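These notes concern the structure reproduced below.
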Amino acid sequence: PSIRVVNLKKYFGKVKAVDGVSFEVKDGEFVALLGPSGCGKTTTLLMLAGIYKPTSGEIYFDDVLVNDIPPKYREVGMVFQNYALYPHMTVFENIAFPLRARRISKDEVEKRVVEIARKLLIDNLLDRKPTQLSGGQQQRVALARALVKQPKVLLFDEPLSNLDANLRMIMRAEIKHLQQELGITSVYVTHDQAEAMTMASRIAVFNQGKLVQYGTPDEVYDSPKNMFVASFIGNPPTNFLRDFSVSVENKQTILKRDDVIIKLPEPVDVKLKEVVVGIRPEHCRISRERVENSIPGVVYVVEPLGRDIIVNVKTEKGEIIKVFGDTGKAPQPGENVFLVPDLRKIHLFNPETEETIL
């Protein structure tokens, strides 16, 4: 089914955990609920599950208001951070487990279990027990167990968070491809932007109980609604440089802060006198030589980030500007350099409201 939520709220006494959110999920779509701890994403997921009754607003599955429908009649399958496997049971028995108390022969189960296991590429592990299984394989057993109940909606709550960091890259591609193939509507709670960015069709970005922006990975990345969205998407996220003065000289829009002058290449309409400049790490270059439209700094520290290196550049205003270290090799701490932003990918924000203006 589709899922539509409308002005959804959940209060815990004075705590406005979820304070009026509206979005829709297409039938078969994979949607991530993303934001920091305390943003209300988990409470939202639990309302969709029916584990919390909303304080107000509505939840529809297809045509139907499901607010008052208990979790089992919603046909929701929940996927947790801990696999909750019994190491004294076999993989088969672990997957078959929710099918105890039902009926249909000592092996309609087995057919149902092998069927799901084969889809999940673990049918060759059925007679084994969890201790001899890797983390990736255990994750597949837990998902097989959820899927054997034939849920119509899958609700993931940080299901990769206990997994080692290297494995998370592998396992999120896996869950993405699996969801694609099963075509089951899926909502996925994560505090990790890389996970939302690489898995979801659309991402609902939460902050302090509000839905800030709802869009595709490209949309939330290319067009962040505000400074918060620019700060949360990407690793590293957008670098902010405050206190830039705005003018027009000869049809062109000029940005100034002390000695720093940045002329935007094409005419842009900027209606403020003062802005925050946003520069993404991947849209900025380090020049050892003084060039036009650049920002002076020192190489402060150079660190690994995954397969890449990050060069932290310190500006004369004490900002740390993160940039990817591309060819030659790592500059050295103490080197005087110049930050050359890609002036076409620069963002500008209202310093007061933090709203993105460019």
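Quick note on naming: the chains in the structure tokens go A, B, ... in the order shown, residues restart at 1 in each chain, and ligands are numbered from 1 in order of appearance.
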task = For residue A:90, list every protein, DNA or RNA residue within 6 Å, evaluated using only C-alpha atoms, and leave out those in the same chain fewer than 6 positions away; present the list as a list in words.
result =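 Counting only the stated atoms, we get residues 127, 128 and 129 of chain A.
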ask   = When DSSP works through the backbone of this structure, what residues of stretch 5-152 of chain A end up as strand (DSSP E), shown as JSON, numbers by chain?
value = {"A": [5, 6, 7, 8, 9, 10, 11, 12, 15, 16, 17, 18, 19, 20, 21, 22, 23, 24, 25, 30, 31, 32, 33, 34, 56, 57, 58, 59, 60, 61, 64, 65, 76, 77, 78, 79]}
Near-stretch 219-223 of chain A list (10 Å; only C-alpha atoms; drop same-chain fewer than 5 positions) as number ranges by chain = A: 197, 202-205, 213-214, 229-230, 232-234, 237-238, 345, 347, 356-358
Could the residues in this selection be written to a file with C-alpha atoms, as a compact mmCIF listing (two decimals), in the first residue's frame?
```
# COMPACT_ATOMS: atom_id res chain seq x y z
CA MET A 197 21.26 8.95 0.52
CA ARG A 202 12.80 9.94 -1.07
CA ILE A 203 14.16 11.14 2.27
CA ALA A 204 12.08 12.89 4.96
CA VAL A 205 14.54 15.07 6.86
CA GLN A 213 12.26 18.80 3.75
CA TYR A 214 10.98 15.74 1.90
CA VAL A 229 19.61 20.42 5.66
CA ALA A 230 22.94 21.64 4.15
CA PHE A 232 23.16 17.16 7.57
CA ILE A 233 23.55 15.82 4.04
CA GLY A 234 26.99 14.73 2.86
CA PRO A 237 28.50 18.27 5.02
CA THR A 238 28.36 21.91 3.81
CA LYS A 345 27.79 25.17 -6.69
CA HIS A 347 25.03 28.14 -1.60
CA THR A 356 18.61 28.88 1.57
CA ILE A 357 18.43 31.80 -0.86
CA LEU A 358 20.84 30.54 -3.54
```
message = If we count only C-alpha atoms and set the cut-off at 8 Å, which residues sit around stretch 171-173 of chain A, ignoring sequence neighbours fewer than 5 positions away in its own chain? Please answer as a list in words.
response = residues 136, 160, 195, 198 and 199 of chain A
Got time to write the residues from that selection, C-alpha atoms, as a PDB file, in the first residue's frame?
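File written: again.pdb
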```pdb
ATOM      1  CA  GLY A 136      25.884 -10.041   7.132  1.00  0.00           C
ATOM      2  CA  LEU A 160      22.623  -1.779  10.252  1.00  0.00           C
ATOM      3  CA  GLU A 195      22.462   5.320   4.486  1.00  0.00           C
ATOM      4  CA  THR A 198      22.254   5.616  -1.044  1.00  0.00           C
ATOM      5  CA  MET A 199      19.116   3.522  -0.258  1.00  0.00           C
TER       6      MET A 199
END
```
request  = For atom CA of residue A:151 and atom CA of residue A:2, quote the distance in Å rounded to one decimal.
outcome  =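 If I compute the distance from atom CA of residue A:151 to atom CA of residue A:2, I get 13.7 Å.
Each of A:200, A:276, A:146, A:302 was checked against residue A:335 using only C-alpha atoms; the smallest atom-to-atom distance is that of A:302.
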Fewer than 6 positions away in the same chain doesn't count, so skip those; otherwise give me all residues within 9 Å of residue A:28, counting only C-alpha atoms, as a PDB file with C-alpha atoms, in the first residue's frame.
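Done, and the output landed in selection22.pdb:
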```pdb
ATOM      1  CA  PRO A   1       0.000   0.000   0.000  1.00  0.00           C
ATOM      2  CA  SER A   2       0.711   3.696  -0.199  1.00  0.00           C
ATOM      3  CA  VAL A 153       4.810  -2.813   4.889  1.00  0.00           C
ATOM      4  CA  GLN A 179      13.496  -4.041  -1.313  1.00  0.00           C
ATOM      5  CA  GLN A 180      13.550  -3.218  -5.074  1.00  0.00           C
ATOM      6  CA  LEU A 182      10.202  -7.608  -3.212  1.00  0.00           C
ATOM      7  CA  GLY A 183       8.347  -4.385  -4.065  1.00  0.00           C
ATOM      8  CA  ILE A 184       7.126  -4.033  -0.430  1.00  0.00           C
ATOM      9  CA  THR A 185       6.530  -0.455   0.781  1.00  0.00           C
ATOM     10  CA  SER A 186       9.394   0.364   3.144  1.00  0.00           C
TER      11      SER A 186
END
```
task = Can you work out which one of A:350, A:7, A:139, A:216 has the shortest atom-to-atom distance to residue A:241, counting only C-alpha atoms?
result = A:350
ask   = Which neighbours of residue A:122 fall inside 8 Å, counting only C-alpha atoms, when residues of the same chain fewer than 3 positions from it are skipped, and could you give them as a list in words?
value = residues 117, 118, 119, 125, 126, 137, 140 and 141 of chain A
task = Return the single residue from A:78, A:163, A:18, A:155 that is closest to residue A:210, with distances computed using only C-alpha atoms.
result =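 Closest to residue A:210 of all the choices is A:18.
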task = For atom CA of residue A:325 and atom CA of residue A:311, determine how far apart the two atoms are, in Å to one decimal place.
result = 5.8 Å
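Taking atom CA of residue A:218 and atom CA of residue A:189 as endpoints, the distance between them is 19.0 Å.
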ask   = Out of A:293, A:235, A:42, A:94, which residue has the shortest atom-to-atom distance to residue A:305 when counting only C-alpha atoms?
value =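 Looking at the shortest contact to residue A:305, the residue is A:235.
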ask   = Would you give me, as a PyMOL selection string, the residues in stretch 175-240 of chain A that DSSP reads as alpha helix (DSSP H)?
value = chain A and resi 175-182+193-199+217-222+227-232
message = From the options A:152, A:283, A:16, A:176, which residue's atoms come nearest to residue A:344, counting only C-alpha atoms?
response = A:283
